[PDB]
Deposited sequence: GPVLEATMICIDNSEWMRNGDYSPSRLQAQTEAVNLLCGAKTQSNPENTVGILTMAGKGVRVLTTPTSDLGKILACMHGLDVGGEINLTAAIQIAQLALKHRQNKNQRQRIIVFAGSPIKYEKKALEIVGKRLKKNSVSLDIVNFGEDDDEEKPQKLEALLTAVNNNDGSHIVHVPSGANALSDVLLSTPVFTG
């Protein structure tokens, strides 16, 4: 099967309590997803960064050790607001400097917060990711009264999407991992 390095961008924003903690639903999905990825191909690597608190933090560069991946999300902090652009730049550079170049490059963003960016800003990021051969899965959750947010995220996807290799999933507040398990984020 496919050989792939994935960087997962966690939303640890103050928002993640509102709406099981939206933090806790994210952790469970990330856990199942790192399961799927490391199990499908032993040479796949997964890295984790957090987007909010007091700035973008890498908890682990891409690794095939599931224990390192799951351990580095025990006792997550929640607060501040996401820095999405800094998150994606740091995720793309980590993937660029992967060991095994035969790996496909994928970023996963959990967008659980309001998206405080213009369409044009996000298209530019999306086009740069595409020129860098990076695919993007976006998980949209926590509609904090922003009909603006879903539009902006679909505009990011359009700019990146290539060979239907990039995806978005809108999940209603009313089972995050059940939803994704049947979406191409998993399949």
Exercise. Counting from 1 along the deposited sequence, what's missing?
Worked result: 1, 21 to 23, 179 to 180, 194
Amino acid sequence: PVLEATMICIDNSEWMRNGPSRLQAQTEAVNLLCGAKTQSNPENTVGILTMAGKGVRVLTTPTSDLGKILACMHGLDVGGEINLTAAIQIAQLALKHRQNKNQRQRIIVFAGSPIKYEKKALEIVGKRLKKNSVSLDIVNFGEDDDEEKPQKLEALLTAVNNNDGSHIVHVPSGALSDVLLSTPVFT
From here on, numbers count along this sequence of modelled residues.
For this session: Please confirm whether residue 123, modelled here, goes without coordinates in at least one third of the other compared entries that cover both its neighbours.
Result: no
Exercise. Is residue 145 missing in a third or more of the other PDB entries that were compared?
Worked result: no
Exercise. Mean CA B-factor: is it higher for 64 to 72 or for 136 to 144?
Worked result: 136 to 144
Problem set entry | Stretch exceeding the other in mean C-alpha B-factor - 161 to 169, 5 to 13 | 161 to 169
Exercise. Looking at 151, 31, 50, 38, which has the highest Cα B-factor in the entry?
Worked result: 151
For this session: Taking the values exactly as deposited, rank residue 127 by C-alpha B-factor within its chain and report the matching third: lowest, middle or highest.
Result: middle
Exercise. Taking the C-alpha B-factors as the PDB entry records them, is residue 103 in the lowest, middle or highest third of its chain?
Worked result: middle
For this session: Can you work out whether the C-alpha temperature factor of residue 82 puts it in the lowest, middle or highest third of the chain?
Result: middle
